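Chemist: I'd like to ask you about the structure that follows.
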Amino acid sequence: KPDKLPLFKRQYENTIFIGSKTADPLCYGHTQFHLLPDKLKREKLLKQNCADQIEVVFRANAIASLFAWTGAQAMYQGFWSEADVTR
Amino acid sequence: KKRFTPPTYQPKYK
Amino acid sequence: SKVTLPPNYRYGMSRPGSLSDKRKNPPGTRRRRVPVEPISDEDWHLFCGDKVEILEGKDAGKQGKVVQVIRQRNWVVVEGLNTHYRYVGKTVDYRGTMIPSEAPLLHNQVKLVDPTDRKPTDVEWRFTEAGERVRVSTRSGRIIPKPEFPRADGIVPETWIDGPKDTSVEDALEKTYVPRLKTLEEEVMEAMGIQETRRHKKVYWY
Amino acid sequence: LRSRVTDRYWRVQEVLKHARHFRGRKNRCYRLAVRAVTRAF
Amino acid sequence: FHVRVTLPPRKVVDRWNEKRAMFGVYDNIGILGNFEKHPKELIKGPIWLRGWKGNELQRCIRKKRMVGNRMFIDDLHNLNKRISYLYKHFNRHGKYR
Amino acid sequence: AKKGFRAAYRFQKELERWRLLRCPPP
Amino acid sequence: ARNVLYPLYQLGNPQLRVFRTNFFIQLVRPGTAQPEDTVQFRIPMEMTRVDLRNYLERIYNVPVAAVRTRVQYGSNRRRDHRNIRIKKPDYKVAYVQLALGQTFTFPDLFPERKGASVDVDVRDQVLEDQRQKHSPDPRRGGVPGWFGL
Amino acid sequence: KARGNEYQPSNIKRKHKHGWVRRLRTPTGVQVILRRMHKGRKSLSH
Amino acid sequence: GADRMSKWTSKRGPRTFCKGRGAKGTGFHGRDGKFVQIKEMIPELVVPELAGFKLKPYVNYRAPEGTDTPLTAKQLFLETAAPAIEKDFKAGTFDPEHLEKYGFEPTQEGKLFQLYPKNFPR
Amino acid sequence: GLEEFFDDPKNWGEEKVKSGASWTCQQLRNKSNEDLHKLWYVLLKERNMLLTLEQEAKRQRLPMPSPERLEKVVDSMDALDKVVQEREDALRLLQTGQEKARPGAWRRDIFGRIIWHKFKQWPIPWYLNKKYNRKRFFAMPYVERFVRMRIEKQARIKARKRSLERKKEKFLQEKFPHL
RNA sequence: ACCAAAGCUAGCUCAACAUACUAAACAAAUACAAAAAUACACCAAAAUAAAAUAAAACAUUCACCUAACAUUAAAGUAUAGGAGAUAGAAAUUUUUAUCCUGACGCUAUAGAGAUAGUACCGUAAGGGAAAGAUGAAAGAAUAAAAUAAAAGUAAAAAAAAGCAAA
RNA sequence: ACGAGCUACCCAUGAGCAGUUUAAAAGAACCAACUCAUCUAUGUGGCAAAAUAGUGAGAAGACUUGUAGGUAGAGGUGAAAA
RNA sequence: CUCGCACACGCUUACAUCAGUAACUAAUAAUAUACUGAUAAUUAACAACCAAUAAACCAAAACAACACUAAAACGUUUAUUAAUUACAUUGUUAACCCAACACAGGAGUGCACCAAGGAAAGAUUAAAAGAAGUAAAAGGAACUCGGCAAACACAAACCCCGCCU
Ligand SMILES: [Mg+2]
Ligand SMILES: [Mg+2]
Ligand SMILES: [Mg+2]
Ligand SMILES: [Mg+2]
Ligand SMILES: [Mg+2]
Ligand SMILES: [Mg+2]
Ligand SMILES: [Mg+2]
Ligand SMILES: [Mg+2]
Ligand SMILES: [Mg+2]
Ligand SMILES: [Mg+2]
Ligand SMILES: [Mg+2]
Ligand SMILES: [Mg+2]
Ligand SMILES: [Mg+2]
Ligand SMILES: [Mg+2]
Ligand SMILES: [Mg+2]
Ligand SMILES: [Mg+2]
Ligand SMILES: [Mg+2]
Ligand SMILES: [Mg+2]
Ligand SMILES: [Mg+2]
Ligand SMILES: [Mg+2]
Ligand SMILES: [Mg+2]
Ligand SMILES: [Mg+2]
Ligand SMILES: [Mg+2]
Ligand SMILES: [Mg+2]
Ligand SMILES: [Mg+2]
Ligand SMILES: [Mg+2]
Ligand SMILES: [Mg+2]
Ligand SMILES: [Mg+2]
Ligand SMILES: [Mg+2]
Ligand SMILES: [Mg+2]
Ligand SMILES: [Mg+2]
Ligand SMILES: [Mg+2]
Ligand SMILES: [Mg+2]
Ligand SMILES: [Mg+2]
Ligand SMILES: [Mg+2]
Ligand SMILES: [Mg+2]
Ligand SMILES: [Mg+2]
Ligand SMILES: [Mg+2]
Ligand SMILES: [Mg+2]
Ligand SMILES: [Mg+2]
Ligand SMILES: [Mg+2]
Ligand SMILES: [Mg+2]
Ligand SMILES: [Mg+2]
Ligand SMILES: [Mg+2]
């Protein structure tokens, strides 16, 4: 189950947002920049006895952020589960 | 007068 | 693990925390109190493992070895002398192994027998000149040794094998204690070379 | 000295023995039997 | 009215025990002893009833006067209430007046 | 528990009478 | 340690050291699906994540990466014969995620024995045969078969 | 309109009205606790 | 109404009521609202080396026990300091003014692990 | 080193698992301080293993094989703790002379009873503590009545217990006429 | 024949004596919202008892009414009292040490409320029960023996007409 | 002694009123959520120790409502119904 | 047929898995979220705990441009001190709360009116009387204290009393 990641269920407004509203003429993007927090420092992970997870943190951050960004792009262009993306 | 007598319940052990 | 029993209790040869006892009397019942003659620990002469003779009953005048004693009701039991027949194997369509179980005997119906002349005698406790407190007989005037009985766990000290998790007698009796005035904390710290320079501040106690 | 009645069985029976041939609850209930027996006498 | 179905054990009481043999032995201690002690001193019981008799109100008053200061709180309160009730019943209630 | 022997002995008489009524002897 | 007064800390207090710990830990099989790197302990109510981490790092030398604790509440619903509630004790359950990628699986602590199973089957067959031989003959109709003639 | 549901539970209100600190902050509550202990109550307060 | 016989715990309260289960604190609250943990406050389990320790959790059954003689202050003094003071008195070097060499301590505030204040947990 | 919570693989399915007797206070006293310090952890590992085995037996609905090992280990732990505590008590009586390792006072709370109020560690003195100042250690002029009621109830309970014992001894004496 | 009925015990009550009087447990936490290790304070307080009743009403009065001086007399006296109901002394007298303590008190609708201040009823102060019966042995439950006697039913619904009986 | 967790009134802290006509957020108008309870019929040991169905009034205000606190009986509170 | 999801307050395991229901609970069975036994569970990022001391500070929230009266909660900056060092403690289940009950009643907030929740009928016959609904020849208030209720209407007026909300 995903609850052992750990992940927890919550109920609030489920929004699909690219960085601006749909009326923005810039419906596509170029690049993202993500600054790691103090919680995910290399020294912090080493003190927590985590050396292989330094790259895993970057991988998870990129996989979540870029996927959410591209999904927002696709659903702003009009593609969804039954209208799968063409390009 | 408005005379009203509330009912009395019995103990649950019976 | 000491199971606490209610003050109003009836003893039926069963362990106080046994399934048979819990079936005999549930924790919601308490029965009539039976009279028990006051006999202190210093006046109990019937131990387990000695040969005693039955005085009253269908099998009277017979001698047997004491196996169990119950001091709560002053019960002493002998193996297979005063018997009643009970079935242990019971199913829907089969019965068998009708074992002869043993009925209880009070201290009044049993008196100890000295091993010399094999006659029943009255046992009075005395204090010998050597500092030993041993039973003597008044009918004949002899002493009765303590009937050493094997314990309930079933392991004898004569034949024992030390396992991987058991120490030897040398390691059990090896004395290394150096009686000095240092605490265990300081002992361990100085043994391991732990260094602590700072000290505690002023702490108020109220 | 608490004193209670023990022969109440016989006290009731001495009255009920004369009402055994009656009809209804008068032959069983004691409250209904004393009046019936008195009127019978 | 359900009486017991079994005969009770016969109480084997002896009429020649120590108490039943020595009972009332020194009742004439004064008469036969060059009077020095009344039969009052032979009465064993409560402090306020050693050689005295009275009705319930008098007994309660006497008990309160002697041992009233050593009583317990609840028994003292009950004794006061009983004294008041007996006073009221004896003085204000009755038929012969 | 009512303290008494007369009631018990009278009820023993009545029990014997009931036994006699139920099973008559030869 | 539990049920032991701790020294109050101030600036300059020496390091707190416990030589004989009073904590006792159980290792329990998870009731739900759990990943490979997670290990489930039952710890006393006075145990923290750092206490458990030090416990496993020093006493057992286990490279634990993450600690997550929760408090499970014992049922107070059952009633005694006196209509008094019987409360099961609460307990702290902790999950430790290993660091170096070690895979842990709870072993089967009660493996059945083939010889024991064969002996039990033989005993059952013997009991069935005893019941069959003790069963009355239908052609007799209840007559005791002990008497010869 | 409909009555009988006058008890609306609230732990804060319960502890502030019949709690131990509320009982002991006044001498009358102390006397109440004394009476309950003398009677032998299993629960002196909430 | 509500229950009174059940214990008042953190589960049966509102969000603003969050009571601990009995564990000791490990720090304080810092500047930005975070919890700052002090490494001096956490208990450091001092574990020994059990590799070269030839002792088992159980004893030989055939080994005999001993007569119960609890340790006492007079016995401890006799085993530790009595021979030393006796030797010093025989040699004439016993000094009533200074008894620190025999193991006695004038004050407790000096050393690390103190007895009456009980600065050590265990 | 996560296998120390389990016993040897060859001893998992065994129906009966035997071991030695428990540690005795004299055997603990005979050892030195570091030996006891190491034996504490030696027995602690065994206790953890036994608790794990008991919990797993409960989970599998099977009886624990020879569960007396847990009680033997508990008795050994208690004996070691008692020996360490008696050494500490003797040493602290020798140095300071105080019987109890935690300071305290015999106080009289608002309820009229006498309480062994232990002392807590505070960074500030007693006259500057908000939580401690609002505490009361004295009895008000409405408490002596309840104190007398408590004396009253204890006296009545003791008297009726004495009468109970007297009646029991009587009934036994006239039930057994062996005198 | 069901329903049922009977045990003798737990224990209580009244006194006497008595050390002299808030039992045991107190490892940890307990007047933060009790059982929550840890921060610059506030802590604290006292001011008559009243009335239900009696005087057949009720205003003045109304002993006892949670303050030691006990017993035998003085004495229910002098006195105080809408001089009514009622209240009520003192001066002055008597009181010999210890054991002989148990019960013409009860036996589970009685005796403490108590198997227990627990369930339960109440927000709270507070109120507050009923419940046990075989036997030497149930490690003698293909288990054995005494009543089958209350009311209520079945065995066995009723046949003109009547306080149901004589 | 114990009670303002229901209710009467305050004190802090929050949250709600969609649509339509209107220069209006006007102690305006229609009608929702929401709040009260005019009339009738059932119910009367009932679903209920005050309810259900139909039908009604208010619905940007002297409006409802959540949490916490206060006013305690010779009194509190009250747009007086003792 | 459509009161569903979650959170706050409140109840504490009533939640989940396996097994049993002759009896105990469901106002009846089937069986079981409501009974019995055993074993497990709710893992934090959401929420609780989460600086003081002086000084600059009149200029509302209502899409806030700018205004009205009833004059309006909601904030930064500067300066002095703020242990400094991973991982602290606590709430995480539910068919649930208050009403004596598994009660047609009373319940705050954010979302949508179904993509989620459930079943009015245990099986028959279709007597009277009762409750609810639909329809009705001609009449259209002639019934009744009253046009109360109902109705294919849902309009115009006259008085008494209180200005009006
Ligand atoms: Mg958590
Ligand atoms: Mg109510
Ligand atoms: Mg309650
Ligand atoms: Mg809470
Ligand atoms: Mg909550
Ligand atoms: Mg941290
Ligand atoms: Mg009068
Ligand atoms: Mg009169
Ligand atoms: Mg009058
Ligand atoms: Mg008066
Ligand atoms: Mg005059
Ligand atoms: Mg007059
Ligand atoms: Mg009784
Ligand atoms: Mg009959
Ligand atoms: Mg006739
Ligand atoms: Mg309030
Ligand atoms: Mg309020
Ligand atoms: Mg609007
Ligand atoms: Mg309007
Ligand atoms: Mg309606
Ligand atoms: Mg209609
Ligand atoms: Mg309208
Ligand atoms: Mg209008
Ligand atoms: Mg008046
Ligand atoms: Mg008034
Ligand atoms: Mg008026
Ligand atoms: Mg009027
Ligand atoms: Mg409930
Ligand atoms: Mg059923
Ligand atoms: Mg269940
Ligand atoms: Mg949930
Ligand atoms: Mg039907
Ligand atoms: Mg019809
Ligand atoms: Mg009709
Ligand atoms: Mg119609
Ligand atoms: Mg028509
Ligand atoms: Mg007309
Ligand atoms: Mg007409
Ligand atoms: Mg109309
Ligand atoms: Mg009209
Ligand atoms: Mg019209
Ligand atoms: Mg007119
Ligand atoms: Mg008007
Ligand atoms: Mg106008």
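Chemist: Find the residue count for the range J:37-52, including only residues that are facing another protein chain (nearest Cβ under 7 Å) and in contact (Cβ under 8 Å) with a residue 40 or more places away in the chain.
Modeler: Total meeting the criteria: 4.
Chemist: If you don't mind, another one. Is one or more of the residues making up the range G:105-117 within 14 Å of chain J (Cβ to nearest Cβ), in a loop (DSSP other than H, G, I, E, B), in contact (Cβ under 8 Å) with a residue 12 or more places away in the chain and over 30 Å from J:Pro63 (Cβ atoms)?
Modeler: no
Chemist: Taking the range I:22-37 only, how many residues are closer than 16 Å to G:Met47 by Cα and assigned to a loop (DSSP other than H, G, I, E, B)?
Modeler: Total satisfying the criteria: 5.
Chemist: Please find, among I:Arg31, I:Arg62, the residue that is exposed (fewer than 10 other Cβ atoms within 10 Å of the Cβ) and of a type in the set (D, E, K, R).
Modeler: I:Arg31
Chemist: Just to verify a result, which residue in the range G:8-28, among those that are at the interface with chain J (Cβ under 7 Å from one of its Cβ atoms) and not in a strand (DSSP E or B), is farthest from J:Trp122 (Cα to Cα)?
Modeler: Restricting to residues being at the interface with chain J (Cβ under 7 Å from one of its Cβ atoms) and not in a strand (DSSP E or B), the top hit is G:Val28.
Chemist: Now a separate question. Could you count how many residues in the range C:139-171 are surrounded by fewer than 13 Cβ atoms within 10 Å (Cβ to Cβ) and not in a loop (DSSP other than H, G, I, E, B)?
Modeler: Going through the range C:139-171 one residue at a time, the tally reaches 1.
Chemist: Is it true that some residue in the range E:57-74 is among the small types (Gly, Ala, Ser) and more than 20 Å from E:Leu86 (Cβ to Cβ)?
Modeler: Taking every residue of the range E:57-74 in turn, none turns out to be among the small types (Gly, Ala, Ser) and more than 20 Å from E:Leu86 (Cβ to Cβ).
Chemist: Out of C:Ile161, C:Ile143, report the one residue that is farther than 30 Å from I:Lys56 by Cβ and of a type in the set (A, V, I, L, M, F, W, C). Talk me through it step by step, then tell me what you get.
Modeler: Numbers: C:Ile161 fails: farther than 30 Å from I:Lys56 by Cβ.
Step by step, each of C:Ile161, C:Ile143 is checked, and only C:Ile143 is farther than 30 Å from I:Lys56 by Cβ and of a type in the set (A, V, I, L, M, F, W, C).
Chemist: When the range I:1-36 is examined, which residues are found to be away from ligand 1 (no atom under 15 Å from the Cβ) and among the aliphatic types (A, V, I, L, M)?
Modeler: Of everything in the range I:1-36, those that are away from ligand 1 (no atom under 15 Å from the Cβ) and among the aliphatic types (A, V, I, L, M) turn out to be I:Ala2, I:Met5, I:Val36.
Chemist: Taking the range H:1-23 on its own, how many of its residues are more than 11 Å from chain I (Cβ to nearest Cβ) and either among the basic types (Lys, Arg) or more than 6 Å from RNA strand L (Cβ to nearest atom) (or both)?
Modeler: The qualifying residues number 7.
Chemist: Here is a follow-up. Condition first: over 25 Å from I:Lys74 (Cβ atoms) and at the interface with chain I (Cβ under 9 Å from one of its Cβ atoms). Now tell me which residues in the range J:69-83 satisfy that.
Modeler: Within the range J:69-83, J:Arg69, J:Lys72, J:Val73, J:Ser76 qualify.
Chemist: Which one is surrounded by the most Cβ atoms within 10 Å (Cβ to Cβ) among residues in the range A:50-86 that are within 14 Å of chain G (Cβ to nearest Cβ) and of a type outside the set (A, V, I, L, M)?
Modeler: Of the residues in the range A:50-86, the ones within 14 Å of chain G (Cβ to nearest Cβ) are A:50-57.
Now narrow it down to the ones that are of a type outside the set (A, V, I, L, M): A:50, A:52-53, A:55.
Details: A:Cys50: 20, A:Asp52: 11, A:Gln53: 17, A:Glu55: 9.
The selected residue is A:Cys50.
Chemist: Here's something else I'd like to know. I'd like to know if the range I:76-96 contains one or more residues that are at the interface with another protein chain (Cβ under 7 Å from one of its Cβ atoms), within 30 Å of J:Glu68 (Cα to Cα) and surrounded by 13 or more Cβ atoms within 10 Å (Cβ to Cβ).
Modeler: no
Chemist: Taking the criterion of being in a loop (DSSP other than H, G, I, E, B) and touching a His at 6+ places or on another chain (Cβ under 8 Å), would at least one residue in the range G:60-67 satisfy it?
Modeler: First, pick out the residues of the range G:60-67 that are in a loop (DSSP other than H, G, I, E, B): G:60-63.
So of that shortlist, the ones also touching a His at 6+ places or on another chain (Cβ under 8 Å) come out as none.
No: zero hits.
Chemist: Just give me the residues in the range I:52-75 being more than 7 Å from chain J (Cβ to nearest Cβ) and among the hydrophobic types (A, V, I, L, M, F, W, C), in sequence order.
Modeler: Passing the criteria: only I:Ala63.
Chemist: When the residues of the range C:7-32 are narrowed to those that are within 13 Å of another protein chain (Cβ to nearest Cβ), more than 16 Å from RNA strand M (Cβ to nearest atom) and surrounded by 10 or more Cβ atoms within 10 Å (Cβ to Cβ), which ends up nearest to J:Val74 (Cα to Cα)?
Modeler: Out of the qualifying residues, it is C:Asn25.
Chemist: I'm trying to understand the selection: among the residues of the range J:84-102, which are within 21 Å of the chain's Cα centre (by Cα) and more than 8 Å from chain I (Cβ to nearest Cβ)?
Modeler: J:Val84, J:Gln85, J:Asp89, J:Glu99, J:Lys100
Chemist: If we keep just the residues of the range C:33-45 that are surrounded by 10 or more Cβ atoms within 10 Å (Cβ to Cβ) and acidic (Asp, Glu), which is nearest to J:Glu169 (Cα to Cα)?
Modeler: C:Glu37
Chemist: Criterion first (farther than 30 Å from G:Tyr60 by Cα and either more than 10 Å from chain J (Cβ to nearest Cβ) or in a loop (DSSP other than H, G, I, E, B) (or both)) does I:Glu49 satisfy it?
Modeler: no
Chemist: How many of the residues in the range G:80-104 are part of a strand (DSSP E or B), more than 16 Å from ligand 3 (Cβ to nearest atom) and more than 15 Å from the chain's Cα centre (by Cα)?
Modeler: 4
Chemist: For the condition outside any loop (DSSP other than H, G, I, E, B), more than 14 Å from chain G (Cβ to nearest Cβ), free of Cβ contacts under 8 Å to residues at least 40 places away in the same chain and closer than 30 Å to J:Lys167 by Cα, what is the one hit in C:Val76, C:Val67?
Modeler: Checking each option against the conditions leaves just C:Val76.
Chemist: Could you please tell me which pairs satisfy a Cβ distance under 7 Å, a separation of 6+ or placement on different chains, a first residue in the range I:13-30 that is within 13 Å of chain G (Cβ to nearest Cβ) and more than 12 Å from G:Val71 (Cα to Cα), and a second residue that is away from ligand 2 (no atom under 16 Å from the Cβ) and aromatic (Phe, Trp, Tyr)?
Modeler: I:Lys24/G:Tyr6; I:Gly27/I:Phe35
Chemist: Something else: Looking for something over 26 Å from the mean Cα position of the chain (by Cα), farther than 30 Å from I:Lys111 by Cα and assigned to a helix (DSSP H, G or I) - is there at least one such residue anywhere in the range J:118-131?
Modeler: Scanning the range J:118-131, I find at least one residue that is over 26 Å from the mean Cα position of the chain (by Cα), farther than 30 Å from I:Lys111 by Cα and assigned to a helix (DSSP H, G or I), so the answer is yes.
Chemist: Let me ask something else about it. Quick test for you: out of D:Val5, D:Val34, pick the one residue that is part of a helix (DSSP H, G or I) and either surrounded by 14 or more Cβ atoms within 10 Å (Cβ to Cβ) or out of contact with any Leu (no Cβ under 6 Å at 6 or more places or on another chain) (or both).
Modeler: Among D:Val5, D:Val34, only D:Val34 is part of a helix (DSSP H, G or I) and either surrounded by 14 or more Cβ atoms within 10 Å (Cβ to Cβ) or out of contact with any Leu (no Cβ under 6 Å at 6 or more places or on another chain) (or both).
Chemist: Separate question: Within 9 Å of chain I (Cβ to nearest Cβ), of a type in the set (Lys, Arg) and in contact with a strand residue (DSSP E or B) (Cβ under 6 Å, 6 or more places away or on another chain): which single residue out of C:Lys182, C:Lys202, C:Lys165 fits that description?
Modeler: Working: C:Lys182 fails: in contact with a strand residue (DSSP E or B) (Cβ under 6 Å, 6 or more places away or on another chain); C:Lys202 fails: in contact with a strand residue (DSSP E or B) (Cβ under 6 Å, 6 or more places away or on another chain).
Testing whether each residue is within 9 Å of chain I (Cβ to nearest Cβ), of a type in the set (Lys, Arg) and in contact with a strand residue (DSSP E or B) (Cβ under 6 Å, 6 or more places away or on another chain) leaves just C:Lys165.
Chemist: What number of residues in the range H:1-37 are within 16 Å of ligand 2 (Cβ to nearest atom) and aliphatic (A, V, I, L, M)?
Modeler: 1
Here, each number is a calculation from the coordinates, and none is a lab measurement. Cβ: placed from backbone, ideal geometry, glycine included. Neighbour counts: every protein chain shown.
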